């Protein structure tokens, strides 16, 4: 854990060379198109973000401080409908188990029956509590555990052949809101997305997710861009960030424009049968990213050729020409 970084104000967030090397670059081809890009979420590539189900990295402490700040200002970024309380406990169990198993230097879990002992040495938390008893924790169980894991989480109720967004912790969204989407179904919350409905992508994706079973979780990557390493790109806070999209110039692309990648986990929760959706969000500046000449060239092509409805949906319009011009310098064939 490096010294405390900000994702707001002075934006002191930066990647080490190791964090650059393991950034989940999300483009398998020189152009991007939506698809059902799901795979089994099996451990692979030691040191990579695909090694564990829940990835904890050098920015862990920084990110939990940012989450704490978002929540100080807006506690309503976390919602658990009453029927999702058991799902919220399942979530806490799954996170604590995996974290204590995968990062034993930082986390520990000892249990006897519902008497649990959790230590988070990274954040200096030493908690004896009762599993299932919300009065034994200093807050609601989803909020308790997600204040201690990177990325966002939605918790979906599976009923009536559909998935409903009935709980979550959403403090670093790519321009959407859990309070808006609360209680929506899978096609409904995806209603703003261009093209993918007509292509069948959301039909097929629902069908795959509905069949996810215990111990066979699934993953995919999503991506966008963000000006500055701003994690809280929410509607709630638009006045704080939306105007930065007007500040990009040919001289500052490399410092301002960041590639934002979500490593998404879909895992069946065993007591409730709810589906956990982990949104693990990574940020990299274009200066950092162009370290890697292959990534630079490929990003140039992707951004040059991206369908305009996708570009526009992703919020990249206002600065896209400046960006493409900048990136062209890293593409010899162009």
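Residue numbers count along the first chain shown, from 1.
- The deposited model assigns a higher average Cα B-factor to 286 to 294 than to the other stretch when 286 to 294 and 65 to 73 are compared.
- The PDB entry reports B-factors from which the mean C-alpha value can be compared for 30 to 38 and 45 to 53; the larger average falls on 45 to 53.
- Taking only the listed residues 229, 173, 124, 151, the entry reports the highest CA temperature factor at 124.
- Note on 245, 190, 108, 239: the highest value goes to 108, judged by CA B factor as recorded.
- Annotation for residue 309: C-alpha temperature factor in the middle third relative to the rest of the modelled chain, per the entry.
- In the PDB entry, residue 280 places in the lowest third of its chain by CA B-factor.
- For residue 134, the recorded CA temperature factor ranks within the middle third of the chain's modelled residues.
- Looking at the C-alpha B-factors along this chain, the one for residue 167 belongs to the lowest third.
- Ranked against the other modelled residues of its chain, the C-alpha B-factor of residue 103 as given in the entry falls in the highest third.
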